[PDB]
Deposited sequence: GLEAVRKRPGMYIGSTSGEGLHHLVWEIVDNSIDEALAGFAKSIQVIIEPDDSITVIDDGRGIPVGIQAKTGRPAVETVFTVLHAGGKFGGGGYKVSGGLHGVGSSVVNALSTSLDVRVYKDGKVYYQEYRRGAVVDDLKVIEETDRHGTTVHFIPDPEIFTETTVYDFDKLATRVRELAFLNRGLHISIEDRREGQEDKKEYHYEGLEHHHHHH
């Protein structure tokens, strides 16, 4: 399972250098992209947190939270624990997911890929979507755990263009360099 990912990360993310570090972002963002293609997500936020962790927020339907017959576990748990999203989980010190669905916020967290506790309703909400936050593991990313805002922004812009109509932003919250760029290419309303 994911134990193999932690021992051979090069086979799953291509490189454990800075390139692999950034690849984790795209693996998560690609899920939000898929939910935009499904027609439900309209906006995606990518945030570099002050500690070089990453938050990705979409306003889609939210990852399914029901128990799957095949696994006996909530669908959202399987997304992160069974071998892109599960690879990011495995290579992070911690990953937390919040699903905003049916007036509830469903929460689960993992540590170096391992489940902390069963999925739990933690809050009520009026919004919908999925928020994933992860802290890349320096035991894996031994060269660098520092994100490149311009590198992320460049690809986010490309992604906005390829997914015309999508709102996507990138934000840096790190000390002395706070920045944000927002992208949106218009559809037929142009």
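- What the model leaves out of the deposited chain are the segments 84-103, 211-215.
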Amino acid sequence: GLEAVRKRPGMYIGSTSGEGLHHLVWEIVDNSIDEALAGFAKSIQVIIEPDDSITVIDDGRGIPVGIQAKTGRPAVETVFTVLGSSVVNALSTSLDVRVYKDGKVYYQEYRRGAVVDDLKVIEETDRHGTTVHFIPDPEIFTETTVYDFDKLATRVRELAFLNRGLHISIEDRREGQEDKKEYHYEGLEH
From here on, numbers count along this sequence of modelled residues.
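- Of the two segments examined, 130-138 and 149-157, it is 149-157 that shows the higher average Cα temperature factor in the deposited entry.
- For the segment pair 88-96 and 68-76, the entry gives 68-76 the higher mean B-factor, averaged over Cα atoms.
- In the deposited coordinates, the residue among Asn163, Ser32, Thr55, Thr125 with the greatest CA B-factor is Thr125.
- Ranked by C-alpha B-factor against the other modelled residues of its chain, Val115 falls in the lowest third.
- Among the modelled residues of its chain, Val121 has a C-alpha B-factor that falls in the highest third according to the deposited record.
- Among the modelled residues of its chain, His167 has a C-alpha B-factor that falls in the middle third, as given in the PDB entry.
- Annotation for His22: CA B-factor lies in the lowest third of the chain's modelled residues.
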